[PDB]
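Source file: target.pdb; contents: PDB, N, CA and C atoms.
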```
ATOM      1  N   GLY A   1       0.841  -1.218   0.000
ATOM      2  CA  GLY A   1       0.000   0.000   0.000
ATOM      3  C   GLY A   1       0.849   1.229   0.000
ATOM      4  N   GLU A   2       2.016   1.121   0.586
ATOM      5  CA  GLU A   2       2.972   2.274   0.664
ATOM      6  C   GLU A   2       3.295   2.867  -0.717
ATOM      7  N   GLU A   3       3.434   1.994  -1.681
ATOM      8  CA  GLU A   3       3.750   2.428  -3.070
ATOM      9  C   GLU A   3       2.524   3.082  -3.729
ATOM     10  N   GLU A   4       1.371   2.781  -3.183
ATOM     11  CA  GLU A   4       0.087   3.340  -3.703
ATOM     12  C   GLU A   4      -0.435   4.428  -2.749
ATOM     13  N   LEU A   5       0.320   4.682  -1.707
ATOM     14  CA  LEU A   5      -0.070   5.709  -0.697
ATOM     15  C   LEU A   5       0.535   7.091  -0.972
ATOM     16  N   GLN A   6       1.823   7.189  -0.774
ATOM     17  CA  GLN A   6       2.546   8.486  -0.995
ATOM     18  C   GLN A   6       3.149   8.509  -2.392
ATOM     19  N   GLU A   7       3.703   7.378  -2.731
ATOM     20  CA  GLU A   7       4.358   7.181  -4.055
ATOM     21  C   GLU A   7       3.356   7.356  -5.201
ATOM     22  N   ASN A   8       2.108   7.059  -4.924
ATOM     23  CA  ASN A   8       1.053   7.206  -5.977
ATOM     24  C   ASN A   8       0.865   8.699  -6.264
ATOM     25  N   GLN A   9       1.092   9.495  -5.248
ATOM     26  CA  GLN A   9       0.944  10.971  -5.391
ATOM     27  C   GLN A   9       2.038  11.564  -6.291
ATOM     28  N   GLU A  10       3.048  10.780  -6.574
ATOM     29  CA  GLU A  10       4.155  11.272  -7.446
ATOM     30  C   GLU A  10       3.798  10.934  -8.885
ATOM     31  N   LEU A  11       3.467   9.692  -9.115
ATOM     32  CA  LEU A  11       3.102   9.269 -10.499
ATOM     33  C   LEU A  11       1.771   9.895 -10.952
ATOM     34  N   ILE A  12       0.943  10.306 -10.019
ATOM     35  CA  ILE A  12      -0.361  10.926 -10.422
ATOM     36  C   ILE A  12      -0.126  12.417 -10.738
ATOM     37  N   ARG A  13       1.003  12.920 -10.301
ATOM     38  CA  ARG A  13       1.361  14.352 -10.540
ATOM     39  C   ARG A  13       2.233  14.486 -11.791
ATOM     40  N   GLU A  14       3.156  13.567 -11.882
ATOM     41  CA  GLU A  14       4.123  13.517 -13.020
ATOM     42  C   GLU A  14       3.665  12.594 -14.158
ATOM     43  N   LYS A  15       3.300  11.380 -13.819
ATOM     44  CA  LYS A  15       2.836  10.399 -14.857
ATOM     45  C   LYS A  15       1.332  10.600 -15.152
ATOM     46  N   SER A  16       0.930  11.847 -15.147
ATOM     47  CA  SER A  16      -0.493  12.224 -15.414
ATOM     48  C   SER A  16      -0.540  13.675 -15.910
ATOM     49  N   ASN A  17       0.412  14.455 -15.451
ATOM     50  CA  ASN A  17       0.533  15.903 -15.822
ATOM     51  C   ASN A  17      -0.677  16.711 -15.325
TER      52      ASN A  17
END
```

Write-out of the structure in structure tokens:
Amino acid sequence: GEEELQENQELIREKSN
């Protein structure tokens, strides 16, 4: 869940624009 918790906030900002 950790990778989908805080780390998800990175890919949703960058890998989503």

Padding 4 Å on each side, edges along x, y and z: where is the centre of the box around the listed atoms of stretch 3-7 of chain A, and how long are its edges in Å to one decimal? Output it as JSON.
```
{"center_x": 2.0, "center_y": 5.3, "center_z": -2.9, "size_x": 12.8, "size_y": 14.5, "size_z": 12.5}
```

What are the DSSP alpha helix (DSSP H) residues of chain A, as a PyMOL selection string? chain A and resi 2-5+8-11

In Å, rounded to a single decimal, give me how far atom N of residue A:17 is from atom N of residue A:1. 22.0 Å
